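Undergrad: Just one file: coords04.txt, with compact mmCIF, N, CA and C atoms and all ligand atoms.
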```txt
# COMPACT_ATOMS: atom_id res chain seq x y z
N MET L 1 0.80 -1.22 0.00
CA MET L 1 0.00 0.00 0.00
C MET L 1 0.84 1.28 0.00
N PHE L 2 1.53 1.55 1.11
CA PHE L 2 2.39 2.73 1.22
C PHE L 2 3.81 2.45 0.76
N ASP L 3 4.10 2.74 -0.50
CA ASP L 3 5.39 2.38 -1.07
C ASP L 3 6.33 3.58 -1.13
N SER L 4 5.75 4.78 -1.08
CA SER L 4 6.53 6.02 -1.11
C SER L 4 6.34 6.80 0.18
N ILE L 5 7.44 7.29 0.75
CA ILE L 5 7.38 8.08 1.97
C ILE L 5 8.10 9.43 1.85
N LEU L 6 7.39 10.51 2.19
CA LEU L 6 7.99 11.84 2.24
C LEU L 6 8.11 12.28 3.70
N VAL L 7 9.35 12.43 4.17
CA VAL L 7 9.61 12.91 5.52
C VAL L 7 9.74 14.43 5.56
N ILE L 8 9.02 15.08 6.46
CA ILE L 8 8.95 16.54 6.42
C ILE L 8 9.20 17.24 7.75
N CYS L 9 10.08 18.23 7.72
CA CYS L 9 10.26 19.13 8.85
C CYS L 9 10.14 20.58 8.38
N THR L 10 10.91 21.47 8.99
CA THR L 10 10.85 22.87 8.61
C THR L 10 11.97 23.25 7.66
N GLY L 11 13.21 23.16 8.14
CA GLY L 11 14.35 23.55 7.33
C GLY L 11 14.80 22.51 6.32
N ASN L 12 14.41 21.25 6.52
CA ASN L 12 14.94 20.12 5.74
C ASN L 12 16.46 20.06 5.85
N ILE L 13 16.99 20.44 7.01
CA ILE L 13 18.44 20.37 7.24
C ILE L 13 18.81 19.68 8.56
N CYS L 14 17.84 19.50 9.45
CA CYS L 14 18.08 18.75 10.69
C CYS L 14 17.27 17.45 10.80
N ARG L 15 15.97 17.57 11.09
CA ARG L 15 15.14 16.40 11.40
C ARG L 15 14.82 15.48 10.22
N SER L 16 14.22 16.01 9.15
CA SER L 16 13.83 15.11 8.06
C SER L 16 15.01 14.39 7.39
N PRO L 17 16.15 15.07 7.22
CA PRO L 17 17.25 14.31 6.61
C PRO L 17 17.64 13.11 7.47
N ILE L 18 17.54 13.27 8.78
CA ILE L 18 17.85 12.19 9.69
C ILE L 18 16.76 11.12 9.67
N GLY L 19 15.50 11.55 9.70
CA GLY L 19 14.37 10.64 9.61
C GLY L 19 14.39 9.87 8.30
N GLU L 20 14.69 10.56 7.21
CA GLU L 20 14.78 9.93 5.89
C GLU L 20 15.79 8.79 5.88
N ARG L 21 16.99 9.07 6.38
CA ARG L 21 18.09 8.11 6.30
C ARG L 21 17.87 6.92 7.25
N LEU L 22 17.28 7.19 8.41
CA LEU L 22 16.92 6.12 9.33
C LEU L 22 15.93 5.17 8.67
N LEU L 23 14.88 5.73 8.06
CA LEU L 23 13.85 4.90 7.44
C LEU L 23 14.39 4.10 6.25
N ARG L 24 15.29 4.69 5.47
CA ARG L 24 15.86 3.99 4.31
C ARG L 24 16.63 2.77 4.78
N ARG L 25 17.38 2.96 5.86
CA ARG L 25 18.11 1.90 6.54
C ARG L 25 17.21 0.71 6.86
N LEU L 26 16.00 1.00 7.32
CA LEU L 26 15.08 -0.03 7.81
C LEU L 26 14.19 -0.60 6.71
N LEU L 27 13.87 0.22 5.72
CA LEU L 27 12.99 -0.19 4.63
C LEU L 27 13.65 0.13 3.29
N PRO L 28 14.66 -0.67 2.92
CA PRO L 28 15.56 -0.42 1.79
C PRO L 28 14.86 -0.41 0.43
N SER L 29 13.68 -1.01 0.34
CA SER L 29 13.03 -1.19 -0.96
C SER L 29 12.07 -0.06 -1.31
N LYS L 30 11.90 0.90 -0.41
CA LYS L 30 10.94 1.98 -0.62
C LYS L 30 11.60 3.27 -1.10
N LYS L 31 10.85 4.08 -1.85
CA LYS L 31 11.29 5.42 -2.20
C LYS L 31 11.06 6.37 -1.03
N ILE L 32 12.15 6.78 -0.37
CA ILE L 32 12.04 7.62 0.82
C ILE L 32 12.82 8.92 0.66
N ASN L 33 12.10 10.04 0.67
CA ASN L 33 12.72 11.35 0.55
C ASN L 33 12.19 12.34 1.58
N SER L 34 12.65 13.58 1.52
CA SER L 34 12.36 14.54 2.57
C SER L 34 12.31 15.97 2.05
N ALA L 35 11.59 16.83 2.76
CA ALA L 35 11.46 18.24 2.37
C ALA L 35 11.01 19.07 3.56
N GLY L 36 10.97 20.38 3.39
CA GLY L 36 10.69 21.27 4.50
C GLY L 36 9.73 22.38 4.16
N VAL L 37 8.80 22.66 5.07
CA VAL L 37 7.82 23.71 4.84
C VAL L 37 8.47 25.10 4.88
N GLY L 38 9.68 25.18 5.44
CA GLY L 38 10.46 26.42 5.43
C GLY L 38 11.89 26.14 5.02
N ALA L 39 12.04 25.41 3.92
CA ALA L 39 13.32 24.78 3.62
C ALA L 39 14.41 25.77 3.26
N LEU L 40 15.63 25.43 3.64
CA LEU L 40 16.81 26.15 3.17
C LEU L 40 17.30 25.44 1.91
N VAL L 41 16.77 25.88 0.77
CA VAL L 41 16.91 25.16 -0.49
C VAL L 41 18.36 25.11 -0.98
N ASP L 42 18.80 23.89 -1.28
CA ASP L 42 20.15 23.62 -1.77
C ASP L 42 21.23 23.63 -0.68
N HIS L 43 20.81 23.86 0.56
CA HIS L 43 21.73 23.78 1.69
C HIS L 43 21.98 22.35 2.12
N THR L 44 23.23 22.08 2.48
CA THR L 44 23.60 20.78 3.01
C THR L 44 22.95 20.58 4.38
N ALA L 45 23.04 19.37 4.92
CA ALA L 45 22.51 19.10 6.25
C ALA L 45 23.23 19.96 7.28
N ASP L 46 22.54 20.31 8.35
CA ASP L 46 23.16 21.11 9.40
C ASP L 46 24.36 20.40 9.99
N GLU L 47 25.40 21.17 10.31
CA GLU L 47 26.63 20.62 10.89
C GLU L 47 26.37 19.79 12.15
N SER L 48 25.52 20.29 13.04
CA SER L 48 25.19 19.55 14.27
C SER L 48 24.38 18.28 13.96
N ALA L 49 23.58 18.34 12.90
CA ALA L 49 22.82 17.17 12.46
C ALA L 49 23.77 16.09 11.96
N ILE L 50 24.77 16.50 11.19
CA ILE L 50 25.81 15.58 10.72
C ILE L 50 26.65 15.02 11.87
N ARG L 51 26.95 15.85 12.87
CA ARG L 51 27.67 15.38 14.05
C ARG L 51 26.93 14.25 14.76
N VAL L 52 25.68 14.50 15.16
CA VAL L 52 24.94 13.50 15.91
C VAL L 52 24.71 12.26 15.07
N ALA L 53 24.54 12.45 13.77
CA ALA L 53 24.30 11.32 12.88
C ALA L 53 25.52 10.41 12.81
N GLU L 54 26.66 10.97 12.42
CA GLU L 54 27.87 10.15 12.29
C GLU L 54 28.26 9.50 13.62
N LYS L 55 28.15 10.27 14.69
CA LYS L 55 28.37 9.75 16.04
C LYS L 55 27.58 8.47 16.28
N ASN L 56 26.41 8.38 15.66
CA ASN L 56 25.58 7.17 15.75
C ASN L 56 25.67 6.25 14.52
N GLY L 57 26.68 6.48 13.68
CA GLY L 57 26.93 5.61 12.54
C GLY L 57 25.97 5.82 11.38
N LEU L 58 25.32 6.98 11.36
CA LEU L 58 24.36 7.29 10.30
C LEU L 58 24.93 8.33 9.34
N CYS L 59 24.77 8.08 8.04
CA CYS L 59 25.33 8.96 7.01
C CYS L 59 24.29 9.88 6.38
N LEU L 60 24.55 11.19 6.44
CA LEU L 60 23.67 12.20 5.86
C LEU L 60 24.22 12.75 4.55
N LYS L 61 25.28 12.14 4.04
CA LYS L 61 25.99 12.73 2.92
C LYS L 61 25.16 12.72 1.64
N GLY L 62 25.31 13.78 0.85
CA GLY L 62 24.58 13.92 -0.39
C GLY L 62 23.27 14.66 -0.24
N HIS L 63 22.94 15.04 0.99
CA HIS L 63 21.65 15.67 1.24
C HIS L 63 21.57 17.07 0.66
N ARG L 64 20.37 17.47 0.27
CA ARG L 64 20.14 18.78 -0.32
C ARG L 64 18.81 19.33 0.17
N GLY L 65 18.83 20.50 0.82
CA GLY L 65 17.61 21.09 1.33
C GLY L 65 16.58 21.27 0.22
N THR L 66 15.35 20.82 0.47
CA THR L 66 14.30 20.80 -0.55
C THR L 66 13.00 21.37 -0.01
N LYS L 67 12.36 22.22 -0.81
CA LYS L 67 11.12 22.88 -0.40
C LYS L 67 9.93 21.95 -0.57
N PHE L 68 9.10 21.85 0.46
CA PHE L 68 7.85 21.09 0.35
C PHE L 68 6.79 21.83 -0.47
N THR L 69 6.14 21.11 -1.38
CA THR L 69 5.09 21.69 -2.22
C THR L 69 3.97 20.67 -2.41
N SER L 70 2.78 21.14 -2.78
CA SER L 70 1.67 20.24 -3.06
C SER L 70 2.03 19.28 -4.19
N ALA L 71 2.77 19.79 -5.18
CA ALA L 71 3.14 18.99 -6.34
C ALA L 71 4.03 17.82 -5.94
N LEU L 72 4.98 18.09 -5.05
CA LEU L 72 5.89 17.06 -4.56
C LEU L 72 5.13 16.00 -3.79
N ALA L 73 4.16 16.43 -3.00
CA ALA L 73 3.42 15.50 -2.15
C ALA L 73 2.73 14.44 -3.00
N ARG L 74 2.39 14.81 -4.22
CA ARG L 74 1.67 13.95 -5.15
C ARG L 74 2.44 12.67 -5.48
N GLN L 75 3.76 12.71 -5.31
CA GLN L 75 4.61 11.57 -5.66
C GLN L 75 4.82 10.62 -4.49
N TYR L 76 4.17 10.88 -3.36
CA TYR L 76 4.36 10.03 -2.19
C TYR L 76 3.03 9.53 -1.62
N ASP L 77 3.05 8.29 -1.12
CA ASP L 77 1.85 7.65 -0.60
C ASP L 77 1.61 8.00 0.86
N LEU L 78 2.64 8.52 1.51
CA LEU L 78 2.58 8.81 2.94
C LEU L 78 3.54 9.95 3.31
N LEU L 79 3.01 10.95 4.02
CA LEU L 79 3.81 12.06 4.52
C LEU L 79 3.95 11.92 6.03
N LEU L 80 5.17 12.10 6.52
CA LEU L 80 5.42 12.07 7.95
C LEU L 80 6.02 13.40 8.38
N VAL L 81 5.30 14.13 9.22
CA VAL L 81 5.74 15.46 9.64
C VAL L 81 6.16 15.47 11.10
N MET L 82 7.03 16.42 11.45
CA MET L 82 7.67 16.41 12.75
C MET L 82 6.77 17.00 13.83
N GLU L 83 6.05 18.06 13.48
CA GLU L 83 5.31 18.82 14.47
C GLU L 83 3.82 18.93 14.20
N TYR L 84 3.04 19.04 15.28
CA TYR L 84 1.62 19.33 15.16
C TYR L 84 1.41 20.53 14.25
N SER L 85 2.17 21.60 14.48
CA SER L 85 2.04 22.80 13.67
C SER L 85 2.21 22.51 12.17
N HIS L 86 3.00 21.48 11.85
CA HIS L 86 3.20 21.07 10.47
C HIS L 86 1.94 20.51 9.83
N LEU L 87 1.09 19.87 10.64
CA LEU L 87 -0.16 19.30 10.13
C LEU L 87 -1.04 20.39 9.53
N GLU L 88 -1.09 21.54 10.19
CA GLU L 88 -1.91 22.64 9.69
C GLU L 88 -1.27 23.31 8.48
N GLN L 89 0.05 23.22 8.37
CA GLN L 89 0.74 23.78 7.21
C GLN L 89 0.53 22.90 5.98
N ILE L 90 0.44 21.59 6.19
CA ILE L 90 0.08 20.68 5.10
C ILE L 90 -1.36 20.92 4.63
N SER L 91 -2.30 21.08 5.57
CA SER L 91 -3.68 21.36 5.19
C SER L 91 -3.76 22.63 4.35
N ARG L 92 -2.95 23.62 4.74
CA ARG L 92 -2.96 24.93 4.12
C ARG L 92 -2.27 24.92 2.75
N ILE L 93 -1.19 24.17 2.64
CA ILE L 93 -0.40 24.11 1.41
C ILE L 93 -0.87 23.00 0.47
N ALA L 94 -1.19 21.84 1.03
CA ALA L 94 -1.60 20.68 0.24
C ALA L 94 -2.82 20.01 0.85
N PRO L 95 -4.00 20.61 0.65
CA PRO L 95 -5.24 20.09 1.22
C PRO L 95 -5.46 18.63 0.84
N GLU L 96 -5.08 18.25 -0.38
CA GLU L 96 -5.36 16.90 -0.86
C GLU L 96 -4.39 15.87 -0.30
N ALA L 97 -3.38 16.34 0.42
CA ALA L 97 -2.36 15.46 0.99
C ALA L 97 -2.59 15.20 2.47
N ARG L 98 -3.43 16.03 3.09
CA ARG L 98 -3.69 15.95 4.52
C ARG L 98 -4.19 14.56 4.94
N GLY L 99 -4.91 13.90 4.05
CA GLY L 99 -5.49 12.60 4.33
C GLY L 99 -4.50 11.44 4.39
N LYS L 100 -3.26 11.71 4.01
CA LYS L 100 -2.22 10.69 4.03
C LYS L 100 -1.01 11.21 4.81
N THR L 101 -1.25 12.18 5.68
CA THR L 101 -0.21 12.75 6.52
C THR L 101 -0.37 12.30 7.97
N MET L 102 0.74 11.90 8.58
CA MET L 102 0.76 11.60 10.01
C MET L 102 2.07 12.10 10.62
N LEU L 103 2.09 12.19 11.95
CA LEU L 103 3.30 12.60 12.64
C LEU L 103 4.37 11.53 12.53
N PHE L 104 5.63 11.96 12.44
CA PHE L 104 6.75 11.04 12.42
C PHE L 104 6.78 10.23 13.72
N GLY L 105 6.50 10.89 14.84
CA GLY L 105 6.50 10.21 16.12
C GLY L 105 5.11 9.75 16.55
N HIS L 106 4.28 9.41 15.57
CA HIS L 106 2.90 9.00 15.87
C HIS L 106 2.85 7.87 16.89
N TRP L 107 3.81 6.95 16.79
CA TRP L 107 3.82 5.75 17.61
C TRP L 107 4.53 5.91 18.95
N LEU L 108 5.01 7.12 19.23
CA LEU L 108 5.67 7.41 20.50
C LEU L 108 4.66 7.98 21.50
N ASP L 109 4.92 7.79 22.79
CA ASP L 109 4.03 8.29 23.83
C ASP L 109 3.80 9.78 23.66
N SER L 110 4.88 10.54 23.59
CA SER L 110 4.81 11.92 23.13
C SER L 110 5.16 11.92 21.65
N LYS L 111 4.34 12.57 20.83
CA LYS L 111 4.41 12.37 19.39
C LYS L 111 5.22 13.41 18.63
N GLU L 112 5.44 14.57 19.23
CA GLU L 112 6.10 15.64 18.50
C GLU L 112 7.63 15.54 18.57
N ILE L 113 8.28 15.68 17.43
CA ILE L 113 9.74 15.77 17.40
C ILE L 113 10.14 17.25 17.45
N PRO L 114 10.70 17.70 18.59
CA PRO L 114 11.01 19.12 18.78
C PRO L 114 12.08 19.58 17.80
N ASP L 115 12.16 20.89 17.60
CA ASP L 115 13.11 21.51 16.67
C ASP L 115 14.46 21.72 17.37
N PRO L 116 15.52 21.08 16.86
CA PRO L 116 16.86 21.15 17.44
C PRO L 116 17.71 22.26 16.83
N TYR L 117 17.23 22.87 15.75
CA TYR L 117 18.04 23.82 14.99
C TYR L 117 18.60 24.89 15.92
N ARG L 118 19.92 25.11 15.83
CA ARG L 118 20.62 26.12 16.63
C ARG L 118 20.85 25.73 18.09
N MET L 119 20.40 24.54 18.49
CA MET L 119 20.55 24.13 19.88
C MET L 119 21.87 23.39 20.10
N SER L 120 22.12 23.00 21.35
CA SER L 120 23.37 22.35 21.71
C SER L 120 23.37 20.92 21.22
N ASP L 121 24.51 20.25 21.38
CA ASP L 121 24.68 18.87 20.96
C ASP L 121 23.76 17.91 21.70
N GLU L 122 23.48 18.17 22.97
CA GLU L 122 22.68 17.24 23.74
C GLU L 122 21.21 17.29 23.31
N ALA L 123 20.76 18.43 22.81
CA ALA L 123 19.42 18.53 22.23
C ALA L 123 19.37 17.70 20.95
N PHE L 124 20.47 17.70 20.21
CA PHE L 124 20.59 16.88 19.01
C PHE L 124 20.66 15.38 19.34
N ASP L 125 21.38 15.02 20.40
CA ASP L 125 21.39 13.64 20.87
C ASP L 125 19.96 13.20 21.16
N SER L 126 19.22 14.08 21.82
CA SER L 126 17.87 13.81 22.24
C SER L 126 16.94 13.66 21.03
N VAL L 127 16.97 14.63 20.12
CA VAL L 127 16.18 14.53 18.90
C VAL L 127 16.53 13.30 18.06
N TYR L 128 17.82 12.99 17.96
CA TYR L 128 18.24 11.79 17.24
C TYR L 128 17.59 10.53 17.80
N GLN L 129 17.64 10.38 19.13
CA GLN L 129 17.05 9.21 19.76
C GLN L 129 15.56 9.11 19.48
N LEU L 130 14.86 10.24 19.57
CA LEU L 130 13.43 10.26 19.29
C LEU L 130 13.14 9.84 17.85
N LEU L 131 13.91 10.37 16.90
CA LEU L 131 13.74 10.02 15.50
C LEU L 131 14.01 8.54 15.27
N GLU L 132 14.98 8.01 16.01
CA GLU L 132 15.38 6.63 15.84
C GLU L 132 14.30 5.70 16.36
N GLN L 133 13.79 6.00 17.55
CA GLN L 133 12.73 5.21 18.17
C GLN L 133 11.44 5.30 17.34
N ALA L 134 11.12 6.49 16.87
CA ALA L 134 9.93 6.68 16.03
C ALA L 134 10.05 5.90 14.71
N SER L 135 11.26 5.90 14.15
CA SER L 135 11.55 5.19 12.89
C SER L 135 11.40 3.68 13.01
N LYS L 136 11.94 3.11 14.09
CA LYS L 136 11.81 1.67 14.31
C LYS L 136 10.34 1.27 14.36
N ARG L 137 9.54 2.07 15.05
CA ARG L 137 8.12 1.75 15.19
C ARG L 137 7.34 1.94 13.89
N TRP L 138 7.67 2.97 13.12
CA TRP L 138 7.04 3.13 11.80
C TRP L 138 7.40 1.96 10.90
N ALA L 139 8.61 1.44 11.04
CA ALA L 139 9.06 0.32 10.22
C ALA L 139 8.34 -0.96 10.61
N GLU L 140 8.09 -1.13 11.91
CA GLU L 140 7.35 -2.29 12.39
C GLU L 140 5.96 -2.32 11.76
N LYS L 141 5.37 -1.14 11.59
CA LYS L 141 4.03 -1.02 11.05
C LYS L 141 3.98 -1.29 9.55
N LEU L 142 4.93 -0.73 8.81
CA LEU L 142 4.94 -0.88 7.36
C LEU L 142 5.67 -2.16 6.95
N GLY L 143 5.60 -3.17 7.82
CA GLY L 143 6.21 -4.46 7.55
C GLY L 143 5.28 -5.61 7.90
NI NI L 201 21.37 29.70 0.44
```
For this file, produce the structure as structure tokens.
TA:
Amino acid sequence: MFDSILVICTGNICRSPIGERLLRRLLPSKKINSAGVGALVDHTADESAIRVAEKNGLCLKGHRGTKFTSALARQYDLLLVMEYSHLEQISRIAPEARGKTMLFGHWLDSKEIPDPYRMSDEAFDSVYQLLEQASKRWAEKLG
């Protein structure tokens, strides 16, 4: 059913690139990409995002900041967004995509993945763990 996944945050330089790569790791046969409702277009992944990722053996290399659009959403069967506030931005930008959008941390007790941008390394450690735990559970479901 859900063969394509679009992972979405704000900048597309911290959370979604990490969520994207975690999910690809777990579900190698699916088309998994990422974008941001406030994306820094053509920007590489955030330095702190790359730090926490490599520290955990995860590779963010080759990433490119990408803007989320209704047109892009059309190519994916499932959208996973980081924040509650993102849900309303999807409704506003892509009304026809809202019906296939869910939180990235839907399966976690607390569902929102907080914004680490500009924060210290330990906030990034924390966000990484949340993304990782959320990813394992999403993979359990789509398997
Ligand atoms: Ni620029």
Undergrad: DSSP on the backbone: which residues in stretch 14-82 of chain L end up as helix (DSSP H, G or I)? Give the answer as number ranges by chain.
TA: L: 15-26, 47-55, 70-73
Undergrad: Would you save the residues from that selection as a compact mmCIF listing (two decimals), in the frame of the given file, using N, CA and C atoms?
TA:
```
# COMPACT_ATOMS: atom_id res chain seq x y z
N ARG L 15 15.97 17.57 11.09
CA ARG L 15 15.14 16.40 11.40
C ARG L 15 14.82 15.48 10.22
N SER L 16 14.22 16.01 9.15
CA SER L 16 13.83 15.11 8.06
C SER L 16 15.01 14.39 7.39
N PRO L 17 16.15 15.07 7.22
CA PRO L 17 17.25 14.31 6.61
C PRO L 17 17.64 13.11 7.47
N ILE L 18 17.54 13.27 8.78
CA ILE L 18 17.85 12.19 9.69
C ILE L 18 16.76 11.12 9.67
N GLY L 19 15.50 11.55 9.70
CA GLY L 19 14.37 10.64 9.61
C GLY L 19 14.39 9.87 8.30
N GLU L 20 14.69 10.56 7.21
CA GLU L 20 14.78 9.93 5.89
C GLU L 20 15.79 8.79 5.88
N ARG L 21 16.99 9.07 6.38
CA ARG L 21 18.09 8.11 6.30
C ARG L 21 17.87 6.92 7.25
N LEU L 22 17.28 7.19 8.41
CA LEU L 22 16.92 6.12 9.33
C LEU L 22 15.93 5.17 8.67
N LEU L 23 14.88 5.73 8.06
CA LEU L 23 13.85 4.90 7.44
C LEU L 23 14.39 4.10 6.25
N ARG L 24 15.29 4.69 5.47
CA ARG L 24 15.86 3.99 4.31
C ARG L 24 16.63 2.77 4.78
N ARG L 25 17.38 2.96 5.86
CA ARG L 25 18.11 1.90 6.54
C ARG L 25 17.21 0.71 6.86
N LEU L 26 16.00 1.00 7.32
CA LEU L 26 15.08 -0.03 7.81
C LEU L 26 14.19 -0.60 6.71
N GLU L 47 25.40 21.17 10.31
CA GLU L 47 26.63 20.62 10.89
C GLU L 47 26.37 19.79 12.15
N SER L 48 25.52 20.29 13.04
CA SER L 48 25.19 19.55 14.27
C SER L 48 24.38 18.28 13.96
N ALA L 49 23.58 18.34 12.90
CA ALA L 49 22.82 17.17 12.46
C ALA L 49 23.77 16.09 11.96
N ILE L 50 24.77 16.50 11.19
CA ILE L 50 25.81 15.58 10.72
C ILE L 50 26.65 15.02 11.87
N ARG L 51 26.95 15.85 12.87
CA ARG L 51 27.67 15.38 14.05
C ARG L 51 26.93 14.25 14.76
N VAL L 52 25.68 14.50 15.16
CA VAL L 52 24.94 13.50 15.91
C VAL L 52 24.71 12.26 15.07
N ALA L 53 24.54 12.45 13.77
CA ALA L 53 24.30 11.32 12.88
C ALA L 53 25.52 10.41 12.81
N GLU L 54 26.66 10.97 12.42
CA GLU L 54 27.87 10.15 12.29
C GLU L 54 28.26 9.50 13.62
N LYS L 55 28.15 10.27 14.69
CA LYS L 55 28.37 9.75 16.04
C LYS L 55 27.58 8.47 16.28
N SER L 70 2.78 21.14 -2.78
CA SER L 70 1.67 20.24 -3.06
C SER L 70 2.03 19.28 -4.19
N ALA L 71 2.77 19.79 -5.18
CA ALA L 71 3.14 18.99 -6.34
C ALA L 71 4.03 17.82 -5.94
N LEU L 72 4.98 18.09 -5.05
CA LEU L 72 5.89 17.06 -4.56
C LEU L 72 5.13 16.00 -3.79
N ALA L 73 4.16 16.43 -3.00
CA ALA L 73 3.42 15.50 -2.15
C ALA L 73 2.73 14.44 -3.00
```
Undergrad: With a cut-off of 6.5 Å, could you pull out the residues of chain L touching ligand NI 201 (chain L) and give me the nearest pair of atoms for each, distance in Å to one decimal, using only N, CA and C atoms and all ligand atoms, ordered by chain and ascending number, as a Markdown table?
TA:
```
| residue | atom | partner | partner_atom | distance |
| --- | --- | --- | --- | --- |
| L:40 | C | L:NI201 | NI | 6.1 |
| L:41 | C | L:NI201 | NI | 5.7 |
| L:42 | C | L:NI201 | NI | 6.2 |
| L:43 | N | L:NI201 | NI | 5.9 |
```
Undergrad: In the coordinate frame of the file, compute which residues have an atom within 12 Å of (13.2, 22.3, 17.9) when using only C-alpha atoms, and state them as a list in words.
TA: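 Selection result: residues 9, 10, 11, 14, 15, 82, 83, 85, 112, 113, 114, 115, 116, 117, 118, 119, 120, 123, 124, 126, 127 and 128 of chain L.
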Undergrad: So that I can check the surroundings of stretch 107-109 of chain L, please list as number ranges by chain every protein, DNA and RNA residue that reaches within 7 Å of it, counting all atoms listed in the file and ignoring chain neighbours fewer than 5 positions away.
TA: L: 133-134, 137-138
Undergrad: Convert the current residue selection to file output with N, CA and C atoms, as a short mmCIF file (atom, residue, chain, number, x, y, z; two decimals), in the coordinates of the input.
TA:
```cif
data_model
loop_
_atom_site.label_atom_id
_atom_site.label_comp_id
_atom_site.auth_asym_id
_atom_site.auth_seq_id
_atom_site.Cartn_x
_atom_site.Cartn_y
_atom_site.Cartn_z
N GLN L 133 13.79 6.00 17.55
CA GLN L 133 12.73 5.21 18.17
C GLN L 133 11.44 5.30 17.34
N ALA L 134 11.12 6.49 16.87
CA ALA L 134 9.93 6.68 16.03
C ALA L 134 10.05 5.90 14.71
N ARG L 137 9.54 2.07 15.05
CA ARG L 137 8.12 1.75 15.19
C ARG L 137 7.34 1.94 13.89
N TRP L 138 7.67 2.97 13.12
CA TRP L 138 7.04 3.13 11.80
C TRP L 138 7.40 1.96 10.90
#
```
Undergrad: Quick check for you: according to DSSP on this backbone, which residues of stretch 42-143 of chain L are classed as strand (DSSP E)? Reply as a tab-separated table (two decimals) with N, CA and C atoms, in the frame of the given file.
TA:
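Everything below was put into out.tsv:
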```tsv
chain	number	residue	atom	x	y	z
L	78	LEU	N	2.64	8.52	1.51
L	78	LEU	CA	2.58	8.81	2.94
L	78	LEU	C	3.54	9.95	3.31
L	79	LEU	N	3.01	10.95	4.02
L	79	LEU	CA	3.81	12.06	4.52
L	79	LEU	C	3.95	11.92	6.03
L	80	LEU	N	5.17	12.10	6.52
L	80	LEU	CA	5.42	12.07	7.95
L	80	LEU	C	6.02	13.40	8.38
L	81	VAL	N	5.30	14.13	9.22
L	81	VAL	CA	5.74	15.46	9.64
L	81	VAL	C	6.16	15.47	11.10
L	101	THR	N	-1.25	12.18	5.68
L	101	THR	CA	-0.21	12.75	6.52
L	101	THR	C	-0.37	12.30	7.97
L	102	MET	N	0.74	11.90	8.58
L	102	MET	CA	0.76	11.60	10.01
L	102	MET	C	2.07	12.10	10.62
L	103	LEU	N	2.09	12.19	11.95
L	103	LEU	CA	3.30	12.60	12.64
L	103	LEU	C	4.37	11.53	12.53
```
Undergrad: Please provide the set of residues having any atom within 8 Å of residue L:29, restricted to all atoms listed in the file, with same-chain residues fewer than 4 positions apart removed, written as a list in words.
TA: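 Result of the neighbour search: residues 3, 4, 23, 24 and 25 of chain L.
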Undergrad: Report, in Å to a single decimal, how far apart atom CA of residue L:93 and atom CA of residue L:136 are.
TA: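 It comes out at 28.6 Å.
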Undergrad: Can you tell me how far atom N of residue L:68 sits from atom CA of residue L:99, in Å to one decimal?
TA: 17.7 Å
Undergrad: How many Å lie between atom CA of residue L:8 and atom N of residue L:81, rounded to one decimal?
TA: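 These atoms are spaced 5.2 Å apart.
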Undergrad: Between L:111, L:132, L:13, L:142, single out the one closest to residue L:50, counting all atoms listed in the file.
TA: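 Of L:111, L:132, L:13, L:142, the one nearest residue L:50 is L:13, counting all atoms listed in the file.
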Undergrad: Determine the nearest neighbour of residue L:34 from the options L:6, L:103, L:59, L:49, counting all atoms listed in the file.
TA: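 Closest candidate: L:6.
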Undergrad: I'd like the neighbourhood of stretch 70-73 of chain L as a ChimeraX atom specification, where a residue qualifies if any of its atoms comes within 8 Å (using only N, CA and C atoms), though same-chain residues fewer than 4 positions away should be ignored.
TA: /L:6,77-79,93-97
Undergrad: Could you write those residues out with N, CA and C atoms, as a compact mmCIF listing (two decimals), in the coordinates of the input?
TA:
```
# COMPACT_ATOMS: atom_id res chain seq x y z
N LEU L 6 7.39 10.51 2.19
CA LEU L 6 7.99 11.84 2.24
C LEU L 6 8.11 12.28 3.70
N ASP L 77 3.05 8.29 -1.12
CA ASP L 77 1.85 7.65 -0.60
C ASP L 77 1.61 8.00 0.86
N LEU L 78 2.64 8.52 1.51
CA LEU L 78 2.58 8.81 2.94
C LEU L 78 3.54 9.95 3.31
N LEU L 79 3.01 10.95 4.02
CA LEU L 79 3.81 12.06 4.52
C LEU L 79 3.95 11.92 6.03
N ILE L 93 -1.19 24.17 2.64
CA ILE L 93 -0.40 24.11 1.41
C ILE L 93 -0.87 23.00 0.47
N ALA L 94 -1.19 21.84 1.03
CA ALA L 94 -1.60 20.68 0.24
C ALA L 94 -2.82 20.01 0.85
N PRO L 95 -4.00 20.61 0.65
CA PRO L 95 -5.24 20.09 1.22
C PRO L 95 -5.46 18.63 0.84
N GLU L 96 -5.08 18.25 -0.38
CA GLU L 96 -5.36 16.90 -0.86
C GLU L 96 -4.39 15.87 -0.30
N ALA L 97 -3.38 16.34 0.42
CA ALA L 97 -2.36 15.46 0.99
C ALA L 97 -2.59 15.20 2.47
```
Undergrad: Which residue gives the smallest distance to residue L:30 among L:135, L:106, L:5, L:52, with all atoms listed in the file counted?
TA: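 Checking each candidate against residue L:30, we get L:5 as the closest.
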Undergrad: Which of these residues is nearest to residue L:17, using all atoms listed in the file: L:131, L:1, L:60, L:87?
TA: L:60
Undergrad: Given the choices L:51, L:141, L:21, L:98, which gets closest to residue L:86 if the distance is worked out from only C-alpha atoms?
TA: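 Closest candidate: L:98.
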Undergrad: Name the closest residue to residue L:19 among the candidates L:80, L:67, L:140, L:89; distances are taken between atoms, counting only C-alpha atoms.
TA: L:80
